[PDB]
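Participant: This is the structure I have questions about; it appears just below.
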There are 2 protein chains.
Amino acid sequence: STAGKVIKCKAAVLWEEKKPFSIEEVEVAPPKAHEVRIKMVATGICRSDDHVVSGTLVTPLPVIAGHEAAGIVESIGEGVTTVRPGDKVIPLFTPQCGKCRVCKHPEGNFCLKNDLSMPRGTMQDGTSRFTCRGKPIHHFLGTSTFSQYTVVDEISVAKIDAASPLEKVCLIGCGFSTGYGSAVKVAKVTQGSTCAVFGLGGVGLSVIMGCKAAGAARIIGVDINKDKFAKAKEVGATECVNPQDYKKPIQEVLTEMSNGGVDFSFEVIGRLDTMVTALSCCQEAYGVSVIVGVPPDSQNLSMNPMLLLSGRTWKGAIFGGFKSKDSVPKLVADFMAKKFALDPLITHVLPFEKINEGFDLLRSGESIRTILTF
Amino acid sequence: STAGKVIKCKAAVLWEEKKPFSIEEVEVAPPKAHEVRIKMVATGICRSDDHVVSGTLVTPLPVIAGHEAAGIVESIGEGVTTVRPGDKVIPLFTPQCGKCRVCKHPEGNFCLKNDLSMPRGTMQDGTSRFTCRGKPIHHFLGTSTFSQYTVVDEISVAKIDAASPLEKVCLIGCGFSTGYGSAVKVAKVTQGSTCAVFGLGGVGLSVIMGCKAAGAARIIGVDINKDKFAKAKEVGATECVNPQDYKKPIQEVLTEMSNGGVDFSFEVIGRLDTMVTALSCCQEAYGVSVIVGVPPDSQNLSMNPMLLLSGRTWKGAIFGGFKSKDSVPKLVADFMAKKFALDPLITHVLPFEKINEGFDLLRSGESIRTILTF
Ligand SMILES: c1cnc2c(c1)ccc1cccnc12
Ligand SMILES: c1cnc2c(c1)ccc1cccnc12
Ligand SMILES: [Zn+2]
Ligand SMILES: [Zn+2]
Ligand SMILES: [Zn+2]
Ligand SMILES: [Zn+2]
């Protein structure tokens, strides 16, 4: 009885940069062909959502942001074959069209239909399904999860276990999948290995979890905030190191600790200096360093390529290297089959309308993950 | 007959940097425990030998350089189990001790016993087997091939097919294996793939031969010297590009030519600008870019880490990523089996005593590869 009609609901609109989100009444158009309308149940607050606020992630405004979420299908446009009204679903901020050279590639996952490279802030057909008092509002990464209802292209949604707790599995829409995949899928951490993780927020913890799932012998957490350590240890970290405690450069400390360099290093914080450090502390002949985080923005790092000529590998990925529509449901199935825990990452839960408070907790560092409930 | 005794012979001694090599009468001590004295039959002139001349590659002087060679064992010290007097051998500038964390690693080849990282210019025991007028002369990379006779540690030598033409296979000691391995072993070039090779001197052509051995559909040669193109095409290149013919940046041209980026790219000339270019032109989601050459010395490159966050892999290696003692014999086996040709690389052949002439040909760029014959 809302199918095929406009829905009136609340969303969190960013009218301008460096402003709070504004709770507005919006009109959400019904789904056109190959589009899916979703009732949001929960959405996480991610660093990249805050980058939209600070102009760091350039995307058209005004916008409904949000990209880490889970909800329930309310209706499907014509042609949709992969989800039905009633299904529990996760929006995919990286799509899997299944047709482009990337989706066809055994390794690649950055589907060329993404809206991240050159953001249009629209549906795939170049239009928006959102208005706020007749004014068009842009989409974000084809997801736009800071709304009671959103419409997504079918390539940007996956059906998940009908019995999953959406307030938890929403993490699989970004933060968890991104860290966990980095270890398990991008670095392909091996049993017995020594790992180093730079950044112990939610994505870092997710990397640690992946390293533990992979059977790593040592997982060295690195952060200047020592209050992040207990939780890191709790999810699998063997040791934690605070660089401010040391007189000598941190890769030197990590090289000594690992008897000549770690097997896998991960930079989660998104900082140009720790990126080079992280490459450097991995073992010169067969070390792997993986980039996870976006920097505060643009600007080159400076780096000596002899770090690579000995044998090091340097790489990065989006969404932990996972092909989005194939992987998300199995990640959920694994969580349901108890192969990993999500509770440790969730430190704050708030009603959707206290969104701005949620961003305050992110910006101050007090939160690991805030989930907003609808 | 000379076994257990000092041999008087000639060598090319570099007494000082930026000097020409000096043909001197030297004394070559007999091999101690686990050492092997070799009569040299051929040695190539490699770019890294010239880096020793310019003070670019810092190693103790005075020195006997040379590291790409083949010859015959004239005697063995006690313990030597892997070669016998009379065996055709290739010295291994990257050793394979078989015992360190690296030789144990199924991907590493940069054996920790190497003398490249922190050059001592000695045998493994911290001594020299070379004197000139009683004065000690340093070794180089445990190989010192610019001598009628050398002594090397057993870890730095490999027995090869007794019917090998040593004037040809000597290229397996560095230049060929380095390029070819970069394609075959380091990048793991795949069938149907599109490859770009920056620099078409000898090591670049060896990359091209590797890409073709791996079954690439497209091999794009890139050099500012168009005179290098015919040989490039002759060993497997499908097209050649000279950046100076173009008005736009060469990675744009290569991205457009490859419909959105190459699968595998290789920087073979060792320049910082081409490194970034090479990386950039590879496909953003699953592209792999391999660094083969040593910069003109230090200088950091400047690079935007967003190039990696989309999914790019950036890596380097020494000696084409080959475990040296295991691999050198099989490469000769394959050459003997006619699985690849070495003649297209051999552009000049000179007697050992014209060493300086050979370096002039290298430095001017008239040579692909000069082989010196004893
Ligand atoms: C779009 C959305 N979220 C992300 C990115 C891009 C890139 C990096 C990243 C790292 C951690 C958490 N989320 C993101
Ligand atoms: C020792 C000897 N030869 C080399 C190196 C080190 C490093 C790089 C390289 C690249 C091309 C050819 N030779 C070498
Ligand atoms: Zn796709
Ligand atoms: Zn995110
Ligand atoms: Zn070793
Ligand atoms: Zn060499």
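Neighbour counts run over all protein chains shown; Cβ positions are idealised from the backbone, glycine included. The values are calculated or read from the model by the stated rules, or taken from the named source; none is laboratory data.
Participant: Can you confirm whether region B:52-64 contains a residue that is assigned to a strand (DSSP E or B), touching a residue at least 24 places away in the same chain (Cβ under 8 Å) and within 16 Å of the chain's Cα centre (by Cα)?
Facilitator: no
Participant: Identify all residues within region A:16-44 that are of a type in the set (D, E) and over 22 Å from the mean Cα position of the chain (by Cα); write none if there are none.
Facilitator: Passing the criteria: A:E16, A:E24, A:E25, A:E27, A:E35.
Participant: Please indicate, with yes or no, whether at least one residue in region B:72-79 is farther than 15 Å from B:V169 by Cβ and free of Cβ contacts under 8 Å to residues at least 24 places away in the same chain.
Facilitator: No, region B:72-79 has no match at all.
Participant: When region B:259-274 is examined, which residues are found to be touching a residue at least 12 places away in the same chain (Cβ under 8 Å) and either part of a loop (DSSP other than H, G, I, E, B) or within 10 Å of another protein chain (Cβ to nearest Cβ) (or both)?
Facilitator: Listed by number, the residues that qualify are B:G260, B:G261, B:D263, B:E267, B:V268, B:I269, B:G270, B:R271, B:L272.
Participant: Then there is this: With respect to B:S177, determine if the residue is in contact with a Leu (Cβ under 7 Å, 6 or more places away or on another chain) and touching a residue at least 24 places away in the same chain (Cβ under 8 Å).
Facilitator: yes
Participant: Among the residues of region B:251-264, is there at least one that is crowded, with 24+ Cβ neighbours inside 10 Å, more than 21 Å from B:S193 (Cα to Cα) and within 22 Å of the chain's Cα centre (by Cα)?
Facilitator: no
Participant: Restricting region B:23-47 to residues that are surrounded by 23 or more Cβ atoms within 10 Å (Cβ to Cβ) and under 30 Å from B:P295 (Cα atoms), which is nearest to ligand 1 (Cβ to nearest atom)?
Facilitator: Checked region B:23-47; the qualifying residue nearest to ligand 1 (Cβ to nearest atom) is B:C46.
Participant: How many residues does region B:92-134 contain that are within 16 Å of ligand 5 (Cβ to nearest atom), outside any loop (DSSP other than H, G, I, E, B) and crowded, with 22+ Cβ neighbours inside 10 Å?
Facilitator: Adding up the residues that qualify gives 2.
Participant: Moving on to the next point. Filter region B:1-15 down to residues that are under 22 Å from the mean Cα position of the chain (by Cα) and closer than 15 Å to B:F374 by Cβ, then give me how many there are.
Facilitator: Qualifying residue count, region B:1-15: 2.
Participant: Residues in region B:66-75: is at least one within 14 Å of chain A (Cβ to nearest Cβ), under 23 Å from the mean Cα position of the chain (by Cα) and away from ligand 1 (no atom under 16 Å from the Cβ)?
Facilitator: Scanning region B:66-75 turns up no residue that is within 14 Å of chain A (Cβ to nearest Cβ), under 23 Å from the mean Cα position of the chain (by Cα) and away from ligand 1 (no atom under 16 Å from the Cβ).
Participant: I'm trying to understand the selection: among the residues of region B:67-79, which are in a loop (DSSP other than H, G, I, E, B) and crowded, with 19+ Cβ neighbours inside 10 Å?
Facilitator: B:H67
Participant: When you scan region A:223-242, how many residues do you find that are buried (at least 17 other Cβ atoms within 10 Å of the Cβ) and within 19 Å of A:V276 (Cβ to Cβ)?
Facilitator: Counting residues in region A:223-242 that are buried (at least 17 other Cβ atoms within 10 Å of the Cβ) and within 19 Å of A:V276 (Cβ to Cβ) gives 2.
Participant: Could I ask something else about it? Which condition does B:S156 not pass, out of (1) of a type in the set (G, A, S); (2) in contact (Cβ under 8 Å) with a residue 24 or more places away in the chain; (3) more than 16 Å from ligand 5 (Cβ to nearest atom), if it passes all the others?
Facilitator: Looking at each condition in turn, B:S156 falls short on (3).
Participant: With the requirement that a residue be away from every other protein chain (no Cβ under 14 Å), within 12 Å of ligand 3 (Cβ to nearest atom) and under 14 Å from A:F322 (Cα atoms), what does region A:100-159 give you?
Facilitator: A:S156
Participant: Could you please let me know if B:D49 is outside any loop (DSSP other than H, G, I, E, B) and within 17 Å of the chain's Cα centre (by Cα)?
Facilitator: Yes: the conditions hold for B:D49.
Participant: Return the residue satisfying two criteria in turn: it lies in region A:5-22 and is part of a strand (DSSP E or B) and not aliphatic (A, V, I, L, M), and of such residues it is surrounded by the fewest Cβ atoms within 10 Å (Cβ to Cβ).
Facilitator: Only one residue fits best here, namely A:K8.
Participant: Next up: Which condition from (1) out of contact with any helix residue (DSSP H, G or I) (no Cβ under 7 Å at 6 or more places or on another chain); (2) crowded, with 19+ Cβ neighbours inside 10 Å; (3) under 25 Å from A:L272 (Cα atoms) is the one that B:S280 breaks?
Facilitator: Every condition holds for B:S280 apart from (1).
Participant: Looking at the structure I just gave you, is B:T2 more than 16 Å from ligand 6 (Cβ to nearest atom) and either among the hydroxyl-bearing types (S, T, Y) or not in a strand (DSSP E or B) (or both)?
Facilitator: yes
Participant: Which of the numbered conditions does A:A317 fail, given that it passes all the others? Conditions: (1) more than 16 Å from ligand 1 (Cβ to nearest atom); (2) out of contact with any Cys (no Cβ under 8 Å at 6 or more places or on another chain).
Facilitator: Only one criterion in (1) more than 16 Å from ligand 1 (Cβ to nearest atom); (2) out of contact with any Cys (no Cβ under 8 Å at 6 or more places or on another chain) is unmet by A:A317, namely (1).
Participant: Using the structure shown, decide if A:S298 is in the same structural domain as A:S193 (by CATH), more than 16 Å from ligand 4 (Cβ to nearest atom), of a type in the set (S, T, Y) and on the phi > 0 side of the Ramachandran plot.
Facilitator: So A:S298 passes the test.
Participant: Which is more than 30 Å from A:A183 (Cα to Cα), assigned by CATH to the domain that holds B:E167 and free of Cβ contacts under 8 Å to residues at least 24 places away in the same chain, of B:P344, B:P351?
Facilitator: Residue meeting the stated conditions: B:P351.
Participant: Name the single residue that is surrounded by the most Cβ atoms within 10 Å (Cβ to Cβ) among those in region B:48-66 being β-branched (V, I, T) and in contact with a strand residue (DSSP E or B) (Cβ under 8 Å, 6 or more places away or on another chain).
Facilitator: B:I64
Participant: For residues that are part of a loop (DSSP other than H, G, I, E, B) and crowded, with 23+ Cβ neighbours inside 10 Å, scanning just region A:180-222, find the one that is farthest from the chain's Cα centre (by Cα).
Facilitator: A:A216
Participant: Under 6 Å between Cβ atoms, which residue pairs at least 6 apart in sequence (or on different chains) link something in region B:95-113 that is within 16 Å of ligand 6 (Cβ to nearest atom) with a partner that is of a type in the set (D, E, K, R) and outside any helix (DSSP H, G or I)?
Facilitator: What qualifies is B:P95/B:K113; B:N109/B:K323.
Participant: In this structure, is B:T145 in contact with a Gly (Cβ under 6 Å, 6 or more places away or on another chain), buried (at least 19 other Cβ atoms within 10 Å of the Cβ), of a type in the set (S, T, N, Q) and in the same structural domain as B:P91 (by CATH)?
Facilitator: It is true that B:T145 is in contact with a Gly (Cβ under 6 Å, 6 or more places away or on another chain), buried (at least 19 other Cβ atoms within 10 Å of the Cβ), of a type in the set (S, T, N, Q) and in the same structural domain as B:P91 (by CATH).
Participant: Okay, moving on. Within the bounds of region B:175-182, is there any residue that is more than 16 Å from ligand 5 (Cβ to nearest atom), within 14 Å of another protein chain (Cβ to nearest Cβ), closer than 18 Å to B:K325 by Cβ and of a type outside the set (G, A, S)?
Facilitator: Yes, there is a match, as at least one residue in region B:175-182 is more than 16 Å from ligand 5 (Cβ to nearest atom), within 14 Å of another protein chain (Cβ to nearest Cβ), closer than 18 Å to B:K325 by Cβ and of a type outside the set (G, A, S).
Participant: Next question. I'm told B:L362 meets every condition in (1) in contact (Cβ under 8 Å) with a residue 24 or more places away in the chain; (2) surrounded by fewer than 16 Cβ atoms within 10 Å (Cβ to Cβ); (3) not aromatic (F, W, Y) except one. Can you identify the failing condition by its number?
Facilitator: (2)
Participant: When you look at B:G311, is it touching a strand residue (DSSP E or B) at 6+ places or on another chain (Cβ under 8 Å), on the phi > 0 side of the Ramachandran plot and crowded, with 21+ Cβ neighbours inside 10 Å, yes or no?
Facilitator: yes
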